[PDB]
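Single-letter residue listing:
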Amino acid sequence: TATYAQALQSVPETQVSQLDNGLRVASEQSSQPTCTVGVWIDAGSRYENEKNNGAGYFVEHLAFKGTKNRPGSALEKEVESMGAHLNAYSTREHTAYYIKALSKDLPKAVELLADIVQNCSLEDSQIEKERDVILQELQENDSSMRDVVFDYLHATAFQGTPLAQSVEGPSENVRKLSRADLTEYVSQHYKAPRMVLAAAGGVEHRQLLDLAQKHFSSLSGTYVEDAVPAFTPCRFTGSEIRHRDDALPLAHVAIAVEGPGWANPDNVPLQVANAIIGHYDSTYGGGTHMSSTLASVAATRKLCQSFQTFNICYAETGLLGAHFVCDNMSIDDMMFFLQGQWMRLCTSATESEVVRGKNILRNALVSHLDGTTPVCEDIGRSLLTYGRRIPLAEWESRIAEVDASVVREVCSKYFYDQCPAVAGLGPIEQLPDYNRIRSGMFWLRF
Amino acid sequence: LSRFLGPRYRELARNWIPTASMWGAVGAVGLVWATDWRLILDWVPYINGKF
Amino acid sequence: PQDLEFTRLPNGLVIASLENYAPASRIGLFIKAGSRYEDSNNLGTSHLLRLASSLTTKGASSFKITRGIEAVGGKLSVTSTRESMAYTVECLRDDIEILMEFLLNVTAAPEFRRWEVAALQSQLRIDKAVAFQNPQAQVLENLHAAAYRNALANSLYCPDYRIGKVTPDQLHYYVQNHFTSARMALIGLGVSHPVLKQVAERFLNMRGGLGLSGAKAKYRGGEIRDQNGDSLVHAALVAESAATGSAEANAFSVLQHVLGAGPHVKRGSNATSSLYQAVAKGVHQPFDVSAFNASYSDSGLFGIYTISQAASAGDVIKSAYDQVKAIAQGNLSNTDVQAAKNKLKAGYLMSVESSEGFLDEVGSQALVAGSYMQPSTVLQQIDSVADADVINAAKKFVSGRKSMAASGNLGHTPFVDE
Amino acid sequence: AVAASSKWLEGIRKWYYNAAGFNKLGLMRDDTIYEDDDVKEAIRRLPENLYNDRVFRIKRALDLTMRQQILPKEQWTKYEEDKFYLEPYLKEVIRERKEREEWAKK
Amino acid sequence: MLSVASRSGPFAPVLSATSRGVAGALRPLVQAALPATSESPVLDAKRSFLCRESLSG
Amino acid sequence: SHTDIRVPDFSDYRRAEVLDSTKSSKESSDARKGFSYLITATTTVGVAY
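Residues numbered from 1 in each chain as written, not as in the entry; some residues may be left out. Chains lettered and ligands numbered in written order. Part of a larger assembly, values for the part shown. Heavy atoms only, no water. Residues with missing side-chain atoms left out of burial classes, pairs and counts.

Chain B carries the name Cytochrome b-c1 complex subunit 10 in the PDB entry, which gives Sus scrofa as its organism. Readers searching the PDB will find this entry under the title "Cryo-EM structure of porcine bc1 complex in isolated state". Taken from UniProt, the Sequence similarities (unreviewed entry) comment for chain B reads in full: "Belongs to the UQCR11/QCR10 family." (UniProt positions renumbered as here; feature names shortened; annotations may be inferred.)

The PDB entry lists chain A under the name Cytochrome b-c1 complex subunit 1, mitochondrial, with Sus scrofa given as the organism. Per UniProt, chain A carries the Subcellular location (unreviewed entry) text "Mitochondrion inner membrane".

Below, the structure written as structure tokens:
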């Protein structure tokens, strides 16, 4: 029978092509009746100065409302006539558009996509309708507290850079930026070779390349305006923000330090180390004696609603840390018991706390990749940030060489005697000071 | 006894024999200075604190 | 390869195994017990039986379970409806002989010690307060009580007056009566046929033939209104309709997709749904409308669901009720029927792309029928419905008795019979 | 370990039962044990009829001692009518503690 | 096609010994928020967001 | 009332070696902690003698 070793290399491969402009065309074919097709671009809020911060949040908020050949109602009526779906998102560093259809309808699909990215019109009446929807969504999400604190945190830990501004923008700025500002944005950022055309499911590579050459090749391959920005390695400061607002029921807190980048080979041991702390919420089944030393104490003294660990990574910098939501008299107990577990791990770390973490990472790597939509969304970033999609066997061979000493060394390098960043949202008066938080970042015995 | 028998307490012991060894070394050397202990004050001729 | 391999047994228990070459693997057990199967004296037993999947067993203690599972990495989970229950286990390909001994013994031979049960009764309050933070678990519990009398009227949670009194004799009674051999199905996704057959042959020693199965669930018209401090009114009009497994349920499904159940394009204005456009002719406000379908094994409920504001609740409702009349009057094209027949095919084929939807699809129809049937037959069956059936299905809705439920500030809202 | 001497072990056990004197106050053998963290657990695993009795045999035999007297001779706890009520709840709190401790060892 | 989820509609609770509990389906999808003013009421010993249950790394 | 917020300028208080916002501080991290601890390291000796 198939063993986990001889089944990890039977996964079908990944073809890659290229055009004269420079588009990369990737795919993998699995023999079904369904497919997903999309385009991932290389622009974001990080490429924008102070003069137009929310601009990229209209272009994909206005993309499905009518091209120059098919107005918006016609476009949608056509796409529901087939029975398909459309979707789009954007983050600090990436932007995507993609559609989900049935395998026979690839030629009708690839034609629609090329029509959206290449040329569309900006309708002034549609701008007037659009602006107020944006202005209402701002207040819509100013009431989710797991989204304001991951924005204060980014604001105080990157104080002077372009990496500390928000996706949507300040309110005063989403009231002035007009047609001209948007059209040069679309001209200067949407271009090749910053683009990838990705597809997965029952697609054929040669047919996909043929269909790509027809609808896409009428495209400007030589850089316009020679607008080449220079990367600035990110600054990282030790600040702290506090907002009081005494009438809420519960308190939110997050704390973090600096981390690696995307291509740094130090990511795997940090994954193995963060899987040992764990996660917990007050509706889990078998609490109060689950293996983590932090979950098992919160379950039995009832200090938490929940906590978790995060590992955000950019091209050069990162963040490592933790988030917890709690009552108003149990904050310093949480911070004491949290810092203790990091220090117990900078130093001695046994050889049974490491096989468990290895298994957890090895087993969370495969379930996140079963389906058809994830695989495409994978192929698009895994190729816009390295190249070379990195099969499963190559990840696996990097997990057979982590040991207790390796975890010790990297934990000592990135955690021990460093200055963190801290954000908290009310009711927060038992939050210990910066002196007494900083002095928890090194033992005195060792 | 049996509550303390295992490899983990022996591992903590061999891990913190640095702690016990430094603790004992500092204590022993301090016990020389505290009581004007001339008998080890001479083992190093470098502390000429006796006038 | 071997798309499925059925095998009946001398006491039921269909076993179906598909063999593949994936790195991970899943197993599941499917049972015919639900909230529908309890009488008036023990309301709440199944919502505690769902909560107690990690207690001490005659083959392992609750310290052995929670630690042997987390050592290798796997997962356990339980999911329930008003008609059935499912226990599922999930992990890698070389660690699969281990989790299966835990799963097969959590369900066969439990013990209920009266000092763990006595501590699992503060959990019910937390669970029921979490599930009730979205205002359509509430409105969908008053709609089954307002429309039935006996079987399908029970809720999926526990009544408040009842929280501290669940006792360890009722759990024994329930499990003994209903977890019977001839009502269960075992489905495994990445393993071969003889292994499952062997391991489940140790699972028949317990109980040969089925426990009770009463309560035919007769119909009544019920109105239940509940007033509170939310700022938006939720409403629902339904009517009795077809049971699954018959020739008219497909007509009601095609009617549902003509009428407009669900969006396709992100952040769009639904231009291919009739009743949305009918409503939006004189209502310039935020709002939302859709159709409604539920198809239990003996009866069903077809209708409409609306979300609207305070001083404009009536106008919306008695304007989406006019449109449904027109279709019943012969005003129906034959191209929009074609356009609606494509939504079913697309959605159904996408519903089983994953390896988690495949299990549920197979396990669902391995209980109510007893055999498998491939998607190709399904597409033919759903493409052999005519145009007169969609028309006469809408006449059953208009000439029939109703159930409403609402909840919000019910100041400007119509009673039934109005 | 012996069989023919088990009549003698019975003989010495009936003498040591009388020489110790908890029966003249009404108590039973399980009433006398010393309450550490492991006997404090096995007490709140008792049904209510068993737990209520234990709180009256311990309050009537700690009042006879404030007065320096003893109960009448017809009410002395016999030898073959003492039932070990707290024994089974105590073998189980213990063997669950040898299990949580050889896991940290392996 | 013989389940209750293949025809979107009435809910189905789930509950797990490693992850958070979920309340059945949602609705066929989320149209109710595209027009403005759905404040999503809060301040009730609330339940957090984004459902951090299954990751990749 | 939410998206808006800029931490005001701490430019005139910074160290001269981290006052540039272009380059990182992982290079400018050992000198600071080797400087600010020698005051204490002197202090312990002073207390001792």
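A word on the overall build of chain B. Scanning chain B from N- to C-terminus turns up 2 helices and 0 strands. Its C-alpha radius of gyration of 18 Å places chain B more than 25% over the 10 Å reference for a compact globule of 51 residues. Judged by the C-alpha coordinates and their principal axes, chain B covers about 55 × 20 × 10 Å. Counting across all 51 residues of chain B, residues that qualify as buried make up 4%. For chain B, the exposed area adds up to about 4,900 Å²; of that, 69% sits on carbon and sulfur atoms. (Helix = DSSP H or I, 4+ residues; strand = E, 2+ residues; numbered from the N terminus. Rg over C-alpha atoms; globule rule 2.2 N^0.38 Å. Buried < 20%, exposed > 50% of the residue type's maximum accessible area, 1.4 Å probe, protein only. Areas by Shrake-Rupley, 256 points an atom, 1.4 Å probe, with all protein chains shown as cover.)

The strand order across the open sheet formed by 6 strands is β1(C)-β5(C)-β2(C)-β4(C)-β3(C)-β1(E), and the pairing between neighbours is mixed. Strands at the two margins of the open sheet, each flanked by one partner only, are β1 (15-17) of chain C together with β1 (14-16) of chain E. Each strand axis lies, on average, 15° off the axis of its neighbour in the sheet, ignoring direction. By the bridge criterion, 6 bridges tie strand β3 (residues 75-80) of chain C to strand β4 (residues 85-92) of chain C in an arrangement that is antiparallel. Looking at the pairing, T79 of chain C lines up with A86 of chain C of β4 of chain C. Contacts from helix α3 (residues 96-106) of chain C reach β2 (24-31), β3 and β4 of chain C within the one sheet, and its direction differs from that of β4 of chain C by about 155°. (Pairing = 2+ DSSP bridges. Axes fitted to C-alpha atoms, helices over the stretch in contact; angles between N-to-C directions. Contact = heavy atoms within 4.5 Å.)

Glancing now at a nonpolar patch on the surface. Residue and element names in this part refer to chain B. A surface patch of nonpolar side chains, about 400 Å² in accessible area, is lined by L39, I40 and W43. Looking at where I40 falls in the secondary structure, it is placed in helix α2 (residues 38-41). Residue classification places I40 among the partly exposed residues on the basis of a relative accessible area of 34%. (Patch = residues over 30% accessible without salt bridge, like charges linked within 9 Å, V, L, I, M, F, W, Y side chains within 5 Å. Salt bridge = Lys/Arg side-chain N within 4 Å of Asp/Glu carboxyl O.)

This paragraph deals with the pairing of strand β5 (residues 95-102) of chain A. Residue and element names in this part refer to chain A. Judged by how many residues are buried, β5 sits mostly within the fold: 6 of 8 residues are covered. Of the pairings in the sheet, the one linking strand β3 (residues 34-41) to β5 comprises 8 bridges and is antiparallel in character. Considered in β5, the bridge of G38 is made with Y98.

The highest contact count of any of the 8 pairs of chains in contact belongs to chains C and E. In this structure chain B stays clear of chain E, and the shortest span between their C-alpha atoms is 28 Å. Across all C-alpha pairs, the smallest distance from chain B to chain F is 11 Å, and the two are not in contact.

Here we take up the packing of aromatic side chains. Residues and elements named next belong to chain C. A full pass over the atoms with the stated rule returns 19 aromatic pairs over all chains. Between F252 and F302, the ring centres sit 5.2 Å apart and the planes meet at 45°, which makes this aromatic pair tilted. One end of the pair, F252, is in helix α8 (residues 249-259); the other, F302, is in strand β8 (residues 300-308), with 50 residues separating them in the sequence. Like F252, the residue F302 is buried in the burial classification. With centroids separated by 5.4 Å and ring planes inclined at 35°, the aromatic side chains of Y276 and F287 adopt a geometry described as tilted. With a gap of 11 residues between them, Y276 in helix α9 (residues 274-279) and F287 in the loop between α9 and β7 (288-294) connect regions that are remote in the sequence. Owing to a relative accessible area of 9%, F287 belongs among the buried residues under this scheme. Members of the aromatic cluster, each reached through a chain of ring pairs, are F252, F302, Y321 and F397. (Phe/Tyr/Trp six-rings, centres within 6.5 Å; stacked < 30°, edge-to-face > 60°.)

All names here are of chain C. Every buried residue of helix α4 (residues 123-131) is accounted for by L124, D127, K128 and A131. Projected onto a plane normal to the axis of α4, the buried residues spread over an arc of 95° and lie on a single side. Close packing links the buried residues of α4 with α1 (45-49). (Arc of directions from axis to C-beta.)

UniProt annotation of "transmembrane region" (unreviewed entry) refers to residues 20-40 of chain B when read in the numbering used here. Helix makes up 86% of residues 20-40 of chain B and strand 0%, whereas the separation of the span's terminal C-alpha atoms amounts to 21 Å.

In this section: the nonpolar core. All names here are of chain A. If you look at the biggest cluster of nonpolar residues, it comprises 48 residues, and the most contacted ones within it are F64, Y97, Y190, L197 and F216. The greatest single-element share of this core, amounting to 7 residues, is contributed by helix α3 (residues 106-118). Beyond its immediate stretch of four places on either side in the chain, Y190 contacts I41, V59, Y97, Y185 and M195. Grouped together as the second largest cluster of nonpolar side chains are 44 residues, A273, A298, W342 and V422 included. (Core = buried A, V, L, I, M, F, W, Y, C linked by side-chain atoms within 4.5 Å.)

Let us now look at the interface of chain E and chain C. Many structure descriptions define interface size as the accessible area lost when the parts assemble. Listed per partner, the contact involves 30 residues of chain E and 45 residues of chain C. The contact between chain E and chain C buries some 3,500 Å² in all, and 58% of this surface belongs to carbon and sulfur atoms. Together, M1, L2 and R7 of chain E form the three largest contributors to the area buried by chain E at its contact with chain C, with a combined 20%. Across the contact surface, chain E and chain C share 0 salt bridges. On inspection of chain E and its partner chain C, the count reaches 8 residue pairs in polar contact. Looking at chain direction, β3 of chain C and β1 of chain E are connected through 3 bridges and run antiparallel. Across the sheet, residue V78 of chain C finds its bridge partner in β1 of chain E, namely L15 of chain E. (Buried area = accessible area lost by both parts, 1.4 Å probe. Polar contact = N/O pair within 3.5 Å; in protein donor to acceptor, adjacent residues only side chain to side chain.)

Right, let's get into the interface of chain A and chain F. On the side of chain F, 17 residues touch chain A, which itself brings 27 residues to the contact. Surface buried jointly by chain A and chain F totals about 1,900 Å² across both partners, of which 45% is contributed by carbon and sulfur atoms. Contact with chain F buries surface across chain A, with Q159, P233 and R235 of chain A losing the most and accounting together for 27% of the total. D417 of chain A is paired through a salt bridge with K33 of chain F; the nearest N and O atoms lie 3.9 Å apart. Scanning the region where chain A abuts chain F turns up 6 residue pairs in polar contact.

What follows concerns the sheet that holds β5 of chain A. Pairing in this open sheet of 6 strands is mixed, and the strands run β1-β2-β6-β3-β5-β4 (chain A) from one edge to the other. Across the chains shown, the open sheet's two edge strands, defined by having one partner strand only, are β1 (15-18) and β4 (85-90) of chain A. Direction aside, neighbouring strands of the sheet carry axes that sit 15° apart on average. Examined bridge by bridge, β3 of chain A and strand β6 (residues 196-201) of chain A share 6 bridges and lie antiparallel to one another. Each residue of the ladder has a partner; that of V37 of chain A, found in β6 of chain A, is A199 of chain A. The sheet strands contacting α3 of chain A are β3 and β5 of chain A, and the helix crosses β3 of chain A at an angle near 15°. Packing against the sheet, helix α11 (residues 336-350) of chain C makes contact with β3, β4 and β5 of chain A, and its axis sits at approximately 110° to β5 of chain A.

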